[PDB]
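Presented below, as structure tokens, is a lone chain in the form deposited in one PDB entry.
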């Protein structure tokens, strides 16, 4: 069919897609919009030849590539902050300068996490330590990963934890809500404040968190690297626990990939970052309302690049990320 069926997951998103249909309908490859309830319904639909493409973040690209779907990334967003690379951010472990411990001495420390189930604050650090054998968890019949983590750190603040009391012990706030998912210490800024207030020895955040939160106090913090070193906050490119790839358009690996890329390439050429048109494929940024944010593509993306034909989901995401999320299942 010379028809790309884009899959959308909310009604503001379906609207943006239909506006892109109306603006390219007299192009030869046309667009059409299928709306499903969740991104997973869209993964099932692409795999069942019911729709053809959708943009997914790192962990949902991981999901899309598992059997039985075996969807592969075909184009990736590029943002201004990672300088033309298909990277969203790097996950780093932040410590106060002057403490002396390395990753080899982490057992028994206290920790600050952005929240349970979050990518940089839970899935990448804990999966990295399970993959390296520092934390022993063989799989869900054990019980929760929470019980495994609680035999490794002596106490933590993990907003959202429900199984182990230790995991909410370092959290700030009244007993009622200190460990809620929206607590004082949740999120990148709250995991950073947990570290700053001394309630944790390590915070698991991303590479921009000390810059966003304490740009004038960078010198008081260091990064814990996986090889045993500690390095300055600015050295995240050589001291990170994993690179988290950019959002990627996923598709079935088949002859329609060139048609989807041909659509997107003309579409961004006309409606990309520098368009004079009313329609913008990417944003523009600054939408406040969450249901209006990042419709179809991220509002902060500046172009799309096609991913080499030979990169599957494991190669696109990278070994560190892939083995870490693999270990959490």
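Residue numbers count along the first chain shown, from 1.
Quick note: we don't show the form solved in complex with a small molecule, though the next part is all about it.
With the partner omitted here, the residue from 243, 118, 72, 207 that has a non-hydrogen atom within 4.5 angstroms of the small molecule in the deposited complex is 118. Residue 89 is the only one of 221, 137, 89, 236 with a heavy atom lying within 4.5 Å of the small molecule in the deposited complex. Contact check for residue 111: every heavy atom lies farther than 4.5 Å from the small molecule in the deposited complex. Remark: residue 188 counts among the residues lining the small molecule in the deposited complex, judged by a heavy atom distance of 4.5 Å or less.
Heavy atoms within 4.5 Å of the small molecule in the deposited complex are found in exactly one of 249-257, 79-87, 120-128, 144-152, that being 120-128.
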